[PDB]
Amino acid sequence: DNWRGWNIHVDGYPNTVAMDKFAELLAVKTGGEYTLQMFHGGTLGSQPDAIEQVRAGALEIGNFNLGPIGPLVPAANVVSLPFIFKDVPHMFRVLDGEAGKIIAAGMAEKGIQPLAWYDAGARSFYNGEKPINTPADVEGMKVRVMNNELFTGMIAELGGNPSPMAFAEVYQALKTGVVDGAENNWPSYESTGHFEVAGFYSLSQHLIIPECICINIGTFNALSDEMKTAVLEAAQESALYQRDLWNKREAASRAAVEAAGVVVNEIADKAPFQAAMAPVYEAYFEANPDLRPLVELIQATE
């Protein structure tokens, strides 16, 4: 009845405050029959490890980015395709439609039930050496990515050298030059300290990946109908709050790092970055023929 949950983020981060709210709302709506203890800051382990713990039932709850879920769940892997959404509002429109049900089904199929969707904005490149404006600027650059071969591909097609690595280890790696750069949204770039050791941020906005509040499906299925309704309502309400927190944080984060001296650039012509992803998309299609229509469905959505 007393659950444990994972979140990788630090204090005050939108996801952190929102998962606390999820835990609070779970206890309220279930009259104390179900409670949740959060372990924030990744103190329970890396994201892939936590995903395995939730799937195995060693942990009940996670706030997981879908990036590291992709290698486990083909349908979820669709949101890890570079340049598949035009922007965050587009993503949410796609997720509240048929794409979302398919992604959820695929997830539930691998033992992990999404309960609500969180915003994590768009991810963009950052490094300590120079601005990125064209794919040529990425050639030879060692860029850290999350643990998903779609992202190793993305970097290789821009001529970089990908380095999949745990999020926790990125600050040191940038500090010592083991990697040259990485990529993420404004709040992560700011909260982890990466901006202090990688002060060029280039708005490629190459990935727009949602997150979820995740529950082990056995845990969820064992609930009564009314408790499932309570858990879903808590999750959904936490996520609406998270989305409000998120939009204020993106601006505050961006402003704080610009003030600290970060040099920001837009990418005027993103088209060559997109064009270079042909082989990554085509290589997902070859691995997952059945899911070509999921990709087309998303790209067809306004």
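The numbering used is simple: start at 1 and walk along the sequence shown.
Higher mean CA temperature factor, per the PDB entry, when comparing 256 to 264 with 42 to 50: 256 to 264. Here the stretch with the larger average CA B-factor, out of 86 to 94 and 215 to 223, is 86 to 94. For the set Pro164, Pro135, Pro114, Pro187, the maximum C-alpha B-factor listed in the entry falls on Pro135. Listed residues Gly181, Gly121, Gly199, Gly159 were ranked by CA B-factor as deposited; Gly159 comes out on top. The entry lists a Cα temperature factor for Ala99 that places it in the highest third of the chain's modelled residues. Among the modelled residues of its chain, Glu169 has a C-alpha B-factor that falls in the lowest third, as given in the PDB entry. Sort the chain's modelled residues by C-alpha temperature factor and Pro272 lands in the highest third, per the entry. Ranked by C-alpha B-factor against the other modelled residues of its chain, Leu232 falls in the lowest third. Sort the modelled residues of the chain by CA B factor and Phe285 lands in the highest third.
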